[PDB]
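Data file: protein19.tsv. Format and content: TSV, C-alpha atoms and all ligand atoms.
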chain	number	residue	atom	x	y	z
F	1	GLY	CA	135.88	-42.61	-83.96
F	2	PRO	CA	135.66	-38.84	-83.41
F	3	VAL	CA	137.79	-37.42	-80.61
F	4	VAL	CA	136.16	-35.23	-78.02
F	5	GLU	CA	138.32	-32.85	-76.04
F	6	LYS	CA	137.44	-30.74	-73.05
F	7	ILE	CA	138.97	-27.27	-73.51
F	8	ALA	CA	140.65	-26.91	-70.15
F	9	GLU	CA	141.65	-23.28	-70.82
F	10	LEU	CA	137.98	-22.17	-70.72
F	11	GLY	CA	136.42	-23.31	-67.46
F	12	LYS	CA	132.75	-23.91	-66.61
F	13	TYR	CA	129.67	-22.02	-67.80
F	14	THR	CA	126.17	-21.75	-66.29
F	15	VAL	CA	124.50	-21.73	-69.70
F	16	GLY	CA	127.28	-21.53	-72.31
F	17	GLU	CA	125.60	-20.67	-75.63
F	18	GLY	CA	125.67	-18.96	-79.01
F	19	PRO	CA	129.07	-20.05	-80.40
F	20	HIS	CA	130.26	-18.01	-83.39
F	21	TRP	CA	133.48	-18.67	-85.35
F	22	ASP	CA	135.04	-15.66	-87.04
F	23	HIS	CA	137.27	-17.13	-89.72
F	24	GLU	CA	139.22	-13.97	-90.61
F	25	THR	CA	140.53	-13.58	-87.07
F	26	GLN	CA	140.41	-17.30	-86.13
F	27	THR	CA	138.41	-16.40	-83.02
F	28	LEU	CA	135.47	-18.10	-81.24
F	29	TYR	CA	132.88	-15.88	-79.53
F	30	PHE	CA	130.13	-17.17	-77.23
F	31	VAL	CA	127.88	-16.15	-74.34
F	32	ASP	CA	126.72	-17.29	-70.93
F	33	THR	CA	123.08	-16.37	-70.95
F	34	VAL	CA	122.46	-16.47	-67.22
F	35	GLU	CA	125.73	-14.92	-66.07
F	36	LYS	CA	125.32	-11.90	-68.42
F	37	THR	CA	128.75	-12.29	-70.03
F	38	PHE	CA	130.30	-12.39	-73.52
F	39	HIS	CA	133.38	-14.52	-74.12
F	40	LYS	CA	136.21	-14.65	-76.65
F	41	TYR	CA	138.61	-17.57	-77.25
F	42	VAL	CA	141.57	-17.50	-79.63
F	43	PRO	CA	142.71	-21.09	-79.84
F	44	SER	CA	145.96	-20.66	-81.73
F	45	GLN	CA	147.32	-18.24	-79.11
F	46	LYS	CA	145.48	-19.66	-76.09
F	47	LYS	CA	143.83	-16.31	-75.32
F	48	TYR	CA	140.61	-16.07	-73.36
F	49	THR	CA	138.74	-12.87	-72.36
F	50	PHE	CA	135.24	-11.84	-71.30
F	51	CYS	CA	132.95	-8.83	-71.03
F	52	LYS	CA	130.20	-8.16	-68.43
F	53	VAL	CA	126.83	-6.50	-68.92
F	54	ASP	CA	123.73	-6.20	-66.69
F	55	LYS	CA	121.09	-7.75	-68.95
F	56	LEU	CA	120.45	-11.35	-70.06
F	57	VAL	CA	122.37	-12.11	-73.27
F	58	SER	CA	121.91	-14.81	-75.91
F	59	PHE	CA	124.10	-14.16	-78.96
F	60	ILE	CA	127.09	-12.15	-80.18
F	61	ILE	CA	127.77	-11.74	-83.88
F	62	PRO	CA	130.40	-9.46	-85.51
F	63	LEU	CA	128.97	-6.48	-87.45
F	64	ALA	CA	129.98	-6.55	-91.10
F	65	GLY	CA	132.40	-3.79	-92.02
F	66	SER	CA	132.93	-2.56	-88.43
F	67	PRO	CA	135.88	-4.16	-86.60
F	68	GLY	CA	135.35	-4.19	-82.86
F	69	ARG	CA	131.55	-3.89	-83.08
F	70	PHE	CA	129.10	-6.73	-82.49
F	71	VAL	CA	125.37	-7.28	-82.76
F	72	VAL	CA	124.11	-8.71	-79.49
F	73	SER	CA	120.94	-9.35	-77.55
F	74	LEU	CA	120.29	-7.55	-74.27
F	75	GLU	CA	117.02	-9.01	-72.85
F	76	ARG	CA	114.57	-7.91	-75.63
F	77	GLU	CA	116.85	-5.31	-77.24
F	78	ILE	CA	118.99	-5.91	-80.28
F	79	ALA	CA	122.07	-3.69	-79.74
F	80	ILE	CA	125.47	-2.78	-81.12
F	81	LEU	CA	128.22	-3.65	-78.61
F	82	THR	CA	131.54	-1.84	-79.08
F	83	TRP	CA	134.19	-3.96	-77.31
F	84	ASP	CA	137.97	-4.07	-77.59
F	85	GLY	CA	137.86	-7.84	-77.11
F	86	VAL	CA	139.84	-7.81	-73.84
F	87	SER	CA	138.58	-5.20	-71.33
F	88	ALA	CA	135.98	-6.50	-68.87
F	89	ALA	CA	133.46	-3.82	-69.78
F	90	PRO	CA	132.18	-2.64	-73.15
F	91	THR	CA	133.26	0.69	-74.59
F	92	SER	CA	129.67	1.55	-75.51
F	93	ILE	CA	126.28	0.02	-76.16
F	94	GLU	CA	123.81	1.46	-78.71
F	95	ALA	CA	120.29	0.07	-78.96
F	96	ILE	CA	118.93	-0.74	-82.40
F	97	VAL	CA	115.38	-1.92	-81.63
F	98	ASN	CA	113.36	-3.52	-78.81
F	99	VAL	CA	111.56	-6.43	-80.49
F	100	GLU	CA	108.79	-6.74	-77.86
F	101	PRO	CA	108.56	-3.51	-75.84
F	102	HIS	CA	105.32	-4.43	-74.16
F	103	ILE	CA	105.95	-8.08	-73.27
F	104	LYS	CA	107.91	-7.53	-70.10
F	105	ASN	CA	108.56	-11.14	-69.14
F	106	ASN	CA	110.06	-12.24	-72.50
F	107	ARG	CA	113.64	-12.41	-73.70
F	108	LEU	CA	115.54	-13.05	-76.89
F	109	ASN	CA	117.10	-16.47	-77.26
F	110	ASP	CA	119.01	-18.07	-80.15
F	111	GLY	CA	119.97	-15.87	-83.10
F	112	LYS	CA	122.07	-16.22	-86.25
F	113	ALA	CA	122.62	-14.42	-89.56
F	114	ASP	CA	121.19	-16.03	-92.63
F	115	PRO	CA	123.63	-16.45	-95.56
F	116	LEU	CA	122.70	-12.97	-96.87
F	117	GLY	CA	123.61	-11.41	-93.51
F	118	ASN	CA	120.09	-10.85	-92.17
F	119	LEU	CA	119.76	-11.41	-88.42
F	120	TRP	CA	117.10	-13.99	-87.50
F	121	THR	CA	116.24	-14.51	-83.82
F	122	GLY	CA	113.34	-15.60	-81.61
F	123	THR	CA	111.90	-14.83	-78.17
F	124	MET	CA	110.61	-16.89	-75.28
F	125	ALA	CA	109.26	-16.47	-71.75
F	126	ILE	CA	112.05	-15.80	-69.24
F	127	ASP	CA	110.33	-18.49	-67.14
F	128	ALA	CA	109.86	-20.96	-69.99
F	129	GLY	CA	109.97	-24.54	-68.80
F	130	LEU	CA	110.55	-28.11	-69.91
F	131	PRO	CA	108.73	-30.14	-70.82
F	132	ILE	CA	105.78	-27.80	-70.20
F	133	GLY	CA	105.73	-24.06	-69.56
F	134	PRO	CA	104.45	-20.72	-70.89
F	135	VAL	CA	104.46	-20.38	-74.68
F	136	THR	CA	104.94	-16.72	-75.57
F	137	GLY	CA	107.67	-16.55	-78.18
F	138	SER	CA	107.91	-15.55	-81.83
F	139	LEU	CA	110.46	-15.71	-84.65
F	140	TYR	CA	111.76	-12.48	-86.26
F	141	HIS	CA	114.22	-11.12	-88.72
F	142	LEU	CA	115.80	-7.68	-88.67
F	143	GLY	CA	115.99	-5.84	-91.98
F	144	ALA	CA	118.69	-3.34	-92.96
F	145	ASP	CA	115.88	-0.80	-92.44
F	146	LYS	CA	116.01	-1.65	-88.71
F	147	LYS	CA	112.40	-2.84	-88.73
F	148	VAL	CA	111.59	-6.34	-87.49
F	149	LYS	CA	109.29	-8.71	-89.37
F	150	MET	CA	107.51	-11.64	-87.65
F	151	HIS	CA	107.63	-15.11	-89.34
F	152	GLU	CA	106.31	-17.58	-86.76
F	153	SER	CA	104.41	-17.48	-83.45
F	154	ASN	CA	103.44	-19.81	-80.58
F	155	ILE	CA	107.07	-20.71	-79.93
F	156	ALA	CA	107.96	-22.12	-76.48
F	157	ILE	CA	111.76	-22.03	-76.60
F	158	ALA	CA	113.19	-20.27	-79.66
F	159	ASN	CA	116.35	-22.12	-80.54
F	160	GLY	CA	118.64	-23.31	-83.30
F	161	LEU	CA	118.61	-22.02	-86.89
F	162	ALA	CA	120.28	-23.03	-90.13
F	163	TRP	CA	119.85	-22.54	-93.90
F	164	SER	CA	120.42	-24.92	-96.83
F	165	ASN	CA	123.41	-24.25	-99.07
F	166	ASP	CA	121.18	-23.47	-102.07
F	167	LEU	CA	119.18	-20.97	-100.02
F	168	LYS	CA	115.87	-22.78	-100.63
F	169	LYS	CA	115.21	-24.08	-97.08
F	170	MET	CA	115.43	-22.94	-93.47
F	171	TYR	CA	115.67	-25.31	-90.50
F	172	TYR	CA	114.34	-24.29	-87.12
F	173	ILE	CA	114.07	-25.61	-83.58
F	174	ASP	CA	111.45	-24.85	-80.95
F	175	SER	CA	112.85	-27.03	-78.15
F	176	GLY	CA	109.35	-27.50	-76.70
F	177	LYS	CA	108.32	-29.42	-79.79
F	178	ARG	CA	111.22	-31.91	-79.58
F	179	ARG	CA	111.70	-31.85	-83.33
F	180	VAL	CA	113.55	-30.01	-86.07
F	181	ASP	CA	111.31	-28.31	-88.60
F	182	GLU	CA	112.01	-27.36	-92.18
F	183	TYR	CA	110.53	-24.46	-94.12
F	184	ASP	CA	110.61	-23.24	-97.70
F	185	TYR	CA	112.69	-20.02	-97.61
F	186	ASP	CA	112.34	-17.31	-100.23
F	187	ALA	CA	115.58	-15.29	-100.26
F	188	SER	CA	113.95	-12.56	-102.39
F	189	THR	CA	111.15	-11.69	-99.98
F	190	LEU	CA	112.61	-13.31	-96.82
F	191	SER	CA	109.36	-15.25	-96.36
F	192	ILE	CA	109.11	-18.79	-94.96
F	193	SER	CA	106.29	-21.17	-95.72
F	194	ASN	CA	105.32	-24.85	-95.86
F	195	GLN	CA	106.45	-25.81	-92.35
F	196	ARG	CA	106.96	-29.58	-92.02
F	197	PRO	CA	108.76	-31.76	-89.49
F	198	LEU	CA	112.19	-32.94	-90.60
F	199	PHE	CA	113.20	-34.99	-87.56
F	200	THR	CA	111.13	-36.05	-84.56
F	201	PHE	CA	113.07	-37.15	-81.43
F	202	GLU	CA	110.37	-39.55	-80.16
F	203	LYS	CA	110.48	-41.58	-83.39
F	204	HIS	CA	114.19	-42.35	-82.89
F	205	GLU	CA	114.49	-42.91	-79.13
F	206	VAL	CA	116.56	-39.71	-78.73
F	207	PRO	CA	116.37	-38.43	-75.16
F	208	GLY	CA	116.35	-34.74	-74.21
F	209	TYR	CA	115.60	-31.64	-76.28
F	210	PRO	CA	117.07	-30.16	-79.43
F	211	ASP	CA	118.80	-26.84	-78.71
F	212	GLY	CA	121.34	-25.23	-81.10
F	213	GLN	CA	122.19	-26.51	-84.59
F	214	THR	CA	124.47	-25.99	-87.55
F	215	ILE	CA	124.89	-27.43	-91.05
F	216	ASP	CA	127.93	-28.91	-92.78
F	217	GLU	CA	129.24	-28.76	-96.36
F	218	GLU	CA	127.31	-31.95	-97.24
F	219	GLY	CA	124.02	-30.42	-96.09
F	220	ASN	CA	123.64	-32.53	-92.94
F	221	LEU	CA	122.53	-30.94	-89.66
F	222	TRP	CA	124.47	-31.21	-86.39
F	223	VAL	CA	122.07	-30.77	-83.46
F	224	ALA	CA	122.93	-30.22	-79.80
F	225	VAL	CA	120.83	-32.37	-77.46
F	226	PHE	CA	120.17	-30.73	-74.14
F	227	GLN	CA	119.76	-33.46	-71.42
F	228	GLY	CA	120.82	-35.99	-74.03
F	229	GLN	CA	124.60	-35.94	-73.42
F	230	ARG	CA	125.17	-35.92	-77.19
F	231	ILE	CA	125.21	-34.25	-80.55
F	232	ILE	CA	123.34	-35.93	-83.40
F	233	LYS	CA	123.93	-35.78	-87.12
F	234	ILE	CA	120.72	-35.88	-89.19
F	235	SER	CA	119.92	-35.94	-92.90
F	236	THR	CA	118.26	-33.07	-94.79
F	237	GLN	CA	117.86	-35.09	-98.01
F	238	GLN	CA	115.29	-37.35	-96.40
F	239	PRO	CA	113.03	-36.90	-93.35
F	240	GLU	CA	113.53	-38.87	-90.16
F	241	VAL	CA	117.02	-40.23	-90.76
F	242	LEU	CA	119.53	-40.30	-87.91
F	243	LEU	CA	123.01	-40.50	-89.42
F	244	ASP	CA	125.25	-40.47	-86.37
F	245	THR	CA	125.51	-39.82	-82.65
F	246	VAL	CA	128.51	-38.38	-80.81
F	247	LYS	CA	128.48	-38.55	-77.04
F	248	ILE	CA	129.67	-35.47	-75.12
F	249	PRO	CA	130.58	-35.85	-71.42
F	250	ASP	CA	128.42	-32.92	-70.31
F	251	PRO	CA	124.70	-33.85	-70.30
F	252	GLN	CA	123.36	-30.40	-71.09
F	253	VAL	CA	124.83	-29.82	-74.54
F	254	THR	CA	123.53	-26.46	-75.83
F	255	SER	CA	124.99	-25.50	-79.20
F	256	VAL	CA	127.59	-26.08	-81.91
F	257	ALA	CA	129.70	-24.22	-84.45
F	258	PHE	CA	132.31	-25.36	-86.93
F	259	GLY	CA	135.70	-23.70	-86.56
F	260	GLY	CA	139.45	-24.09	-86.66
F	261	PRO	CA	141.78	-23.20	-89.60
F	262	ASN	CA	140.18	-25.77	-91.86
F	263	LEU	CA	136.62	-25.42	-90.55
F	264	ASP	CA	136.64	-29.14	-89.61
F	265	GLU	CA	136.69	-28.76	-85.80
F	266	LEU	CA	133.32	-28.66	-84.04
F	267	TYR	CA	133.11	-26.44	-80.99
F	268	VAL	CA	130.42	-27.46	-78.50
F	269	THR	CA	128.97	-25.42	-75.60
F	270	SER	CA	127.13	-26.85	-72.59
F	271	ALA	CA	125.29	-25.75	-69.43
F	272	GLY	CA	126.23	-26.39	-65.80
F	273	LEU	CA	122.93	-25.04	-64.42
F	274	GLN	CA	121.17	-27.83	-62.57
F	275	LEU	CA	117.45	-27.81	-63.22
F	276	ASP	CA	114.48	-29.51	-61.58
F	277	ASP	CA	113.63	-32.97	-62.93
F	278	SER	CA	117.11	-33.59	-64.38
F	279	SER	CA	117.92	-37.08	-65.67
F	280	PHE	CA	121.50	-36.63	-64.44
F	281	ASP	CA	123.02	-36.25	-60.96
F	282	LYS	CA	124.61	-32.87	-60.24
F	283	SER	CA	128.21	-34.17	-60.16
F	284	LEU	CA	127.86	-34.78	-63.92
F	285	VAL	CA	126.53	-31.34	-64.87
F	286	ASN	CA	129.53	-29.02	-65.31
F	287	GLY	CA	129.17	-26.74	-68.36
F	288	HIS	CA	132.52	-27.21	-70.14
F	289	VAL	CA	133.36	-26.22	-73.71
F	290	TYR	CA	134.45	-29.08	-76.01
F	291	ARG	CA	136.23	-29.47	-79.31
F	292	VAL	CA	135.33	-32.41	-81.57
F	293	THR	CA	137.68	-33.47	-84.36
F	294	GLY	CA	137.83	-36.34	-86.86
F	295	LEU	CA	134.22	-35.96	-88.03
F	296	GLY	CA	135.34	-36.17	-91.66
F	297	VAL	CA	133.20	-33.17	-92.69
F	298	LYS	CA	133.78	-29.42	-92.93
F	299	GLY	CA	131.34	-26.60	-92.23
F	300	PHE	CA	131.14	-22.89	-93.00
F	301	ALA	CA	132.52	-19.80	-91.25
F	302	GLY	CA	130.12	-17.69	-89.22
F	303	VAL	CA	128.22	-15.05	-91.19
F	304	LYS	CA	128.36	-11.41	-90.05
F	305	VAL	CA	125.25	-9.31	-89.61
F	306	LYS	CA	124.68	-6.64	-92.24
F	307	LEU	CA	122.94	-3.70	-90.62
W	401	MG	MG	119.91	-22.58	-77.32
Kindly present the structure from the file in C-alpha cells form.
Ligand SMILES: [Mg+2]
Amino acid sequence: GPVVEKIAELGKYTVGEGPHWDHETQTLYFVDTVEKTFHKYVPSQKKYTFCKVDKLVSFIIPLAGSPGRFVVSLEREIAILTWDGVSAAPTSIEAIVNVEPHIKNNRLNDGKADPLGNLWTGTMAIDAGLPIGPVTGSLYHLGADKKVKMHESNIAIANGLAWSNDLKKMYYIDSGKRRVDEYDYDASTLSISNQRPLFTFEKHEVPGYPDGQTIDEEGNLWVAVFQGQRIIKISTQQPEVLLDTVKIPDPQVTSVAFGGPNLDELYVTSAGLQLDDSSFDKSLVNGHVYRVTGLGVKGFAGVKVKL
C-alpha cells in the first residue's frame, strides 16, 4: 500500500512537467510548459522558488560542471539558462541551437540526458491534439559538438524517455501511439534501431495516454498516465506485462522522477489545464504535485547534460 501525498507547499500547475532531481543539492526542478515558468523545490528546507521567461518551456536540466547554469528549452531553442535559483528572472540566457528553425509552429517537448550525459529531446506541433492531430515531430540528440542528430520522425507528441541500466536499450513514448516502444541503443555511435512495442495500453485496458516515464534500479518502468488518474509500473524483461498501478488523485498525471535522500520517493507532476473531450469533470482537474512513498524500489539521480 503505497502512500500518496499532495505537496501542499507547491500549489497548482497548468501543465506541471519535466521533473528533475539533483541529488547533490537535494533539489527538485520542474517546469510549467504553458505558464512559461521554471520551478525549484527543496523539500528538506521547505523552499520553493520560480523563474519567468517569455517562451514555452519543457525541461530544465543542470549543466555538468557549471553551478547555477541549466540546459532548458525555449520554444524550439536549446539554451543555457543562468539562474540564481531564487530571483524571479534569469540572469542571462544564451542560445545553443534552434533545432527546427524553419518549422514555425513546432515546439520542443520532453527531454532528458542519457546516462552518458547526452541531451535527447523531441518536437511536436504546438497545436498537437489527442487522440488525433497534426503529426510533425522528430526525436533528436545534441552532441558535445553542438550539432543535433535526428533519430526518429513522424512523432505526434514527443514524450517520455529512459535507458536500460546496461546501456543496451532505450525506451520512448509518442503519446499519440498509446504505447511504450523499445529500441536497441548503441552507446558508441548513439544510434537507435530495431523499434518494437514494449507495452500497448489497449491490450491491458489502461485508459488515457502515456506521458513521462522513468526507470528504477530493478529495470522496471514507471509511466505517467495522462487522463488515466494513475502511474503504472511495467516490466522491461518481458513485453506486455503490467506489474502495478498506483492511483493519483489528479487525472492528468504528466511525469515522474525518483528523489529524496534515499532515491526511494517518487515525485509526480500533473496538469490542471482542462481540455476538450475530457473524461473528468473540471472540479477534479487541479494540477498538484505529489510525492509517493513505500514503493519498495529505488531509482537513480537525475543526470546532468554534458555540453
Ligand atoms: Mg510530457
- prompt: Using all atoms listed in the file, which of the listed residues (F:236, F:159, F:33, F:49) sits closest to residue 11 in chain F?
  reply: F:49
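Each of F:146, F:52, F:6, F:282 was compared to residue 38 in chain F using only C-alpha atoms, and F:52 turns out to be the nearest.
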How would you write as a CSV table (one decimal) with C-alpha atoms, in the frame of the given file the residues that get within 8 Å of (119.9, -27.6, -86.9) in the file's frame, counting only C-alpha atoms?
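For reference, part.csv as written:
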chain,number,residue,atom,x,y,z
F,160,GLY,CA,118.6,-23.3,-83.3
F,161,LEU,CA,118.6,-22.0,-86.9
F,162,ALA,CA,120.3,-23.0,-90.1
F,171,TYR,CA,115.7,-25.3,-90.5
F,172,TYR,CA,114.3,-24.3,-87.1
F,173,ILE,CA,114.1,-25.6,-83.6
F,180,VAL,CA,113.6,-30.0,-86.1
F,212,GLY,CA,121.3,-25.2,-81.1
F,213,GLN,CA,122.2,-26.5,-84.6
F,214,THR,CA,124.5,-26.0,-87.6
F,215,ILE,CA,124.9,-27.4,-91.0
F,221,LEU,CA,122.5,-30.9,-89.7
F,222,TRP,CA,124.5,-31.2,-86.4
F,223,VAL,CA,122.1,-30.8,-83.5
- request: Rounded to one decimal place, report the CA of residue 115 in chain F-CA of residue 188 in chain F distance in Å.
  value: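 Separating CA of residue 115 in chain F from CA of residue 188 in chain F is a distance of 12.5 Å.
The space separating CA of residue 277 in chain F from CA of residue 111 in chain F comes to 27.2 Å.
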- request: Please identify the residues whose atoms come within 8 Å of ligand MG 401 (chain W), using all atoms listed in the file, and report them as a PyMOL selection string.
  value: chain F and resi 17-18+109-110+158-160+211-212+254-255
field: Of the listed residues F:106, F:69, F:31, F:243, that which approaches residue 90 in chain F most closely, counting only C-alpha atoms
entry: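 Selected residue with least distance to residue 90 in chain F: F:69.
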query: Any idea what the distance is between CA of residue 104 in chain F and CA of residue 153 in chain F?
result: 17.0 Å
field: Contacts of residue 136 in chain F at 8 Å (all atoms listed in the file; same-chain gap of 3+ positions) as a count of residues only
entry: 8
message: as a ChimeraX atom specification, please: the residues near residue 186 in chain F (cut-off 12 Å, all atoms listed in the file, same-chain neighbours under 4 positions excluded).
response: /F:114,116,163-164,166-170,190-194
task: Select, from F:3, F:107, F:138, F:129, the residue with the minimum atom-to-atom distance to residue 249 in chain F, counting only C-alpha atoms.
output: F:3
- request: Would you mind telling me which residue in F:7, F:263, F:248, F:113 lies nearest to residue 217 in chain F when using only C-alpha atoms?
  value: F:263
message: Can you tell me which residues surround residue 197 in chain F at a distance of at most 8 Å, considering all atoms listed in the file, apart from same-chain residues fewer than 4 positions away, and format the answer as a PyMOL selection string?
response: chain F and resi 179-182+239
F:235, F:76, F:83, F:94 ranked by distance to residue 137 in chain F, top pick (using all atoms listed in the file): F:76
query: Which residues come within 7 Å of residue 178 in chain F, counting all atoms listed in the file, excluding same-chain residues fewer than 3 positions away, as a list in words?
result: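 The contact residues come out as residues 175, 200, 201, 209 and 210 of chain F.
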Would you mind exporting the chosen residues as a JSON list (two decimals), in the frame of the given file, restricted to C-alpha atoms?
[["chain", "number", "residue", "atom", "x", "y", "z"],
["F", 175, "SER", "CA", 112.85, -27.03, -78.15],
["F", 200, "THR", "CA", 111.13, -36.05, -84.56],
["F", 201, "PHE", "CA", 113.07, -37.15, -81.43],
["F", 209, "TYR", "CA", 115.60, -31.64, -76.28],
["F", 210, "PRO", "CA", 117.07, -30.16, -79.43]]
field: Exercise: residues within 8 Å of coordinate (123.0, -24.4, -67.2), counting all atoms listed in the file, as a PyMOL selection string
entry: chain F and resi 13-16+34+252+270-275+287
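Contact shell of residue 141 in chain F at 6 Å (all atoms listed in the file; same-chain neighbours under 3 positions omitted): residues 119, 120, 148 and 149 of chain F.
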